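First comes the structure, then the notes that go with it.
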Amino acid sequence: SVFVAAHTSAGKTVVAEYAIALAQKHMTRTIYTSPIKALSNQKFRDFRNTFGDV
RNA sequence: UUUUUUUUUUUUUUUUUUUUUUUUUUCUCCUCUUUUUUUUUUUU
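Numbering-wise (full-length UniProt numbering), the first sequence opens with residue 327 and increments by one.
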């Protein structure tokens, strides 16, 4: 279990997409929670063309 | 000078069967009178 306290936004997302890529090697599922509508779809768009299905 | 968030119309389909109209009651029952019975025959 990891807690992160930093300042840059995308810098914290590296471990997030590390876990996301790690799930498909484990065949499990992951949930991403974004408590704002604009950011909720930006990560989906970022990871759609990047890999897999979101 | 009034921001931000609260998903939606149950899943399933590629199961066998070798009979035949109907169907099941009603009891014994005083017949009145000119008769033997006439008769061939011919014209259809």
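The beta-carbon is built from N, C-alpha and C at its ideal position, and this holds for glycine as well.
{"query": "Candidates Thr-339, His-352 and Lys-351: which alpha carbon is nearest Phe-370's?", "result": "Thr-339"}
{"query": "Considering only their Cβ atoms, is the gap separating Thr-359 from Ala-349 smaller than 7 Å?", "result": "no"}
{"query": "At which residues does the alpha helix (DSSP H) containing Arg-374 begin and terminate?", "result": "363 to 376"}
{"query": "Just tell me which of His-352, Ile-362, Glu-343 and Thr-334 has its CA closest to the CA of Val-380.", "result": "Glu-343"}
{"query": "Measure the C-alpha to C-alpha separation of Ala-332 and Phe-373 and round it to an integer number of angstroms.", "result": "22 Å"}
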